[PDB]
C-alpha cells in the first residue's frame, strides 16, 4: 500500500513528509519516500539561514538537491519557509531600520520564490507569526514593519511565482476556541477582505503528550477553512506515542473538511524525528510501519 496513492484515491491531493539531502541519500529512508509520499517539505534547506547566510549571498545546494529529487520522482514540494523568526541569520535581526528590512525581506522572497518558479506547490510564506494569546510575535519583522510585513511578504511571493499556493503556517491551531486559532482565523479573514493573496492556512499539528485532545482537530481545521481561505493543510503532523486513534482523528479532520488538500507527517522514521523519544511518526527506528500506519491504510482501504 501507499499512503499517498490511497489518500489521492480518497479525493485528496497528497499525503506528504519532510526530508532533505542526507535523508534522501539513505537508501532505506529513500525507498519509503519514493513509495509512500507524494509531497516533500525540506526539513531545513529552504530556511533563511541556509539560503541567505549573508546579505545578498545565496546558497542553494541543499534546496536544489531536494527540488531535483522531487522533480525526478514526480513529487511536489512545500517550500518552507520564507519569513520566520527562528533559524534566521543574525544579520537580519540586527537590521535597525524599517525600510532596510522591507528591502531585505522583499529581496529574500523574490530571489527564493523566483529561483524555484513553477516548481513549488505551496510556499510557507510566513511561519509562526502568532503568540499563544493571539498577539503578533515580536520578531524583527513585526517590530519594524508591523502587521504590514505579512501583506508585503505575500504580495512579493505572489508576483515572483503566481502558480504557487501561498500559505501562512503555525502550530497550536489544534482547538477552535483557543486564542491563537481564533486570531489566525480573524486575521486571515481580514487580510482576504483587504486583497492579501493568501491561498492557504497550514496547521502544523505537533501533538505533545499533554495536548488538546485530537477530538478537537476536526473543528479546529474547519474553523481555519471557515475564514473563506481557498484551502487548508495539515503541514507538520506528529503525535506523541503515535496512537492509531489519534492519527485517525487527524486523518478524518482532513477528510471531513472539503478545503483540506492533504496531510504532511513530519518525517518518516521515529529515529530521525526532533521528538524521537516520543515515537511520534508512522515508521519505527528500523523503517517498519507502525500500528498507526496500518490503521490509516485500513481506514482508506
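Residue numbers count along the first chain shown, from 1.
Practice task
Read off the CA B-factors in the entry, average them over 253-261 and over 40-48, and name the higher stretch.
Solution key: It is 253-261 that shows the higher mean C-alpha B-factor.
Exercise for the section: Check the entry's C-alpha temperature factors for 53-61 and 240-248, then say which stretch has the higher mean. Expected result: Result: 53-61.
Problem - Most elevated Cα B-factor in the entry, residues 133, 124, 163, 128 - result: Of 133, 124, 163, 128, 163 has the highest C-alpha B-factor.
Practice task
Relative to the other modelled residues of the same chain, rank the CA B-factor of residue 284 and answer lowest, middle or highest third.
Solution key: Middle third.
Handout entry: CA B-factor ranking of residue 174, expressed as a third of its chain
Key = Middle third.
Exercise for the section: Taking the values exactly as deposited, rank residue 276 by C-alpha B-factor within its chain and report the matching third: lowest, middle or highest. Expected result: Highest third.
Problem - For residue 17, the third of its chain into which the C-alpha B factor falls - result: Answer is lowest: the recorded C-alpha B-factor places it there.
Exercise for the section: Taking the chain's C-alpha temperature factors as the reference, tell me which third residue 211 falls into: lowest, middle or highest. Expected result: Highest third - that is where residue 211 ends up once the chain's C-alpha B-factors are sorted.
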